[PDB]
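Visitor: I'd like to ask some things about the structure below.
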Number of protein chains: 2
Amino acid sequence: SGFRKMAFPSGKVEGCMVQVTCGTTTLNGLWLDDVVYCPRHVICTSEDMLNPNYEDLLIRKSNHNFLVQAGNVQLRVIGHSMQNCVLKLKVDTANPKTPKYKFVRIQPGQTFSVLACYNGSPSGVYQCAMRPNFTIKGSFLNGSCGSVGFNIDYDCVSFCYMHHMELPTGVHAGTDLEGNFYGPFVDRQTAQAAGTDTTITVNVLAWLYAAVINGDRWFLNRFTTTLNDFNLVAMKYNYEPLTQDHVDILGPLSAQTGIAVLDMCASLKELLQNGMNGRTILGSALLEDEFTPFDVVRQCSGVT
Amino acid sequence: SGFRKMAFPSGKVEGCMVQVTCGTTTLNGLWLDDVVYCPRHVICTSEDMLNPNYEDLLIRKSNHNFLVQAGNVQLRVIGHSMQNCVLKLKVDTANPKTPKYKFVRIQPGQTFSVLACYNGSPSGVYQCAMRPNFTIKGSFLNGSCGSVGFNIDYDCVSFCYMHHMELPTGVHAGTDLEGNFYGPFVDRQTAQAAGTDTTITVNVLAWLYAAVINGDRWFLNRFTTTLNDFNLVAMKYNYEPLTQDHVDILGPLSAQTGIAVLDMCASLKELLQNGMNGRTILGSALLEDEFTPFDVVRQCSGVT
Ligand SMILES: Cc1ccncc1NC(=O)[C@H](C)c1cncc(Cl)c1
Ligand SMILES: Cc1ccncc1NC(=O)[C@H](C)c1cncc(Cl)c1
């Protein structure tokens, strides 16, 4: 009973968080095996951030200029390299708390947990979704850079995000663990506007199934629709177009509840056209889009 | 920038989660030092739960009947006792992952993180508030019993909740770590109705300050009010009466934003009387009450 915005247990990621200092800049690093991963803008002074030449800035940096501290102990830096927008600091000690891990580049609409950190120390954990415009709506302050996004499959941690910057609109941008930014963002203190933030339709549908599973059924109606009819409504409300791939992934939820995917689309259609009329769904007064169909199945079944 | 329902990093609590089996019932336990804490209804069969006599049921139980498994290794049970609604299983090994900890009995309106577990394994973490009617709106399924609620102050884990049951309304009830239930609930499969769930006024105000801090200011108005005038409105909308203690705790937020507590009460008053008019505050279309003033300060400052 009940449905919550749930994050993965963060322990496996906490054991990887370190502090990286370069000059007078301090941010977070991720220590996996004998490598420390961090945003390359750690080599920048706030003045350098206006228009940085990272290759030229990195020439003036030696292994001894990168201070890596894990808890209270110093790690010895024996190598350094730049991979896209991340720095890889080879250290002489493999992290003994290295969990089973993978680096994955997620698709927009997918969800993940963020372990927000400051000075290599964890402050909190929350569940996020990579928006369709490739930004994340996080909670990050100065010093949070290098905090990572991840998913967990039993004992394996799939790292998918590393925080790099805050856009002037207060939304967040970052990279995968290979240093490639999600979206068109560059690691530069220049105004970068985000594109249209559309709603993750498949996720809203997944959450509507979660609501039915937990007792909130007022929104179920006597109607059905088609993929094309629904998508006309989805376009008007800046919802992502729904495809047969999306319908396919909603299959287990449709099977559990006995509510056909297109009937749920018709419930969503009427909700979009008429609003909630002062009512709530799973304690929310708006349509939630940060639960994937996989998240709903996992939470509603108790996968650990 | 940004404001999220953030949970504490769960690592310190994950290291304490164990599986407790008694007969054919399996639930979670909390292993701290050489003691395992779990709901006493682990000794019950589903038939026993209808009207259990825990003292009589525990007579038929020996130390060897309690199977405690930490990860994949078995702990030897050398003692057992009942303290209110919890069982304390003395084991022969102190948990090496025991963090610095305290047992605290929280007040309604206070928040905490929950590490939902099944078979001694963590599935996820979320932030909760103890409702004024002493229930929690969690996400728990069968097997989640023994999952704990906690807060963290730097390196110290304050355990405040242990999950015991789901009311017929889908809301959750449980105890502090001394086994005393929050609210009037008993550990019996008997219909127990919850009282009125009022809104945690001080928390909504704290969240309104968080919204101002993060840029959402549309709700600020040209009005002020008094504690008595505001409380007349609070009573009509089933909001908890605001006291000078509440005003005192909002002081740092009032000081940071330059918005007097009573002016923020007047913004809240108008929001209660006129609704949000289709608008949102911190991405929410309703007034959020599961952030205390301490949570807002912690998140808006980056305490780790
Ligand atoms: C201030 C802040 C708050 C939240 N998240 C990240 C930050 N830090 C930043 O946004 C820093 C100052 C930055 C600027 N321009 C480009 C990059 Cl890659 C990085
Ligand atoms: C089914 C379930 C779901 C979520 N949370 C707890 C549960 N378990 C329960 O509510 C159990 C069956 C229970 C019954 N009556 C009294 C107590 Cl103390 C315990």
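One-based numbering along the chain as shown.
From the backbone N, Cα and C atoms, a Cβ is placed for every residue, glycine too.
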Visitor: Quickly, which of A:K90, A:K236 does Swiss-Prot have down as ubiquitin cross-link? Just give the residue.
Guide: A:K90
Visitor: Only counting partners 6 or more residues apart, tell me which same-chain residues put their Cβ under 8 Å from the Cβ of A:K90 (ubiquitin cross-link).
Guide: A:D34, A:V35, A:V36, A:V77, A:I78, A:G79, A:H80, A:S81
Visitor: Between the Cα atoms of A:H41 (active site, for 3CL-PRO activity) and A:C145 (active site, nucleophile), find the distance and write it as a whole number of Å.
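Guide: Per the Cα atoms, A:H41 (active site, for 3CL-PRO activity) and A:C145 (active site, nucleophile) stand 9 Å apart.
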Visitor: Which of the recorded positions A:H41, A:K90, A:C145 have a Cβ less than 8 Å from any Cβ in chain B?
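Guide: Cβ contacts with B: none found.
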Visitor: Report, as a single number, how many Cβ atoms besides its own are within 10 Å of the Cβ of A:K5 (ubiquitin cross-link).
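Guide: Cβ-Cβ neighbours of A:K5 (ubiquitin cross-link) within 10 Å number 22.
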Visitor: Those recorded positions, A:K5, A:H41, A:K90: which ones have a Cβ sitting under 6 Å from ligand 1?
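Guide: Among A:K5, A:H41, A:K90, near ligand 1: A:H41.
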Visitor: Measure the Cβ-based neighbour count of A:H41 (active site, for 3CL-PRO activity), defined as the other Cβ atoms within 10 Å of its Cβ.
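Guide: By my count, 24.
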Visitor: Measure the Cβ-based neighbour count of A:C145 (active site, nucleophile), defined as the other Cβ atoms within 10 Å of its Cβ.
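Guide: I count 26 other Cβ atoms within 10 Å of it.
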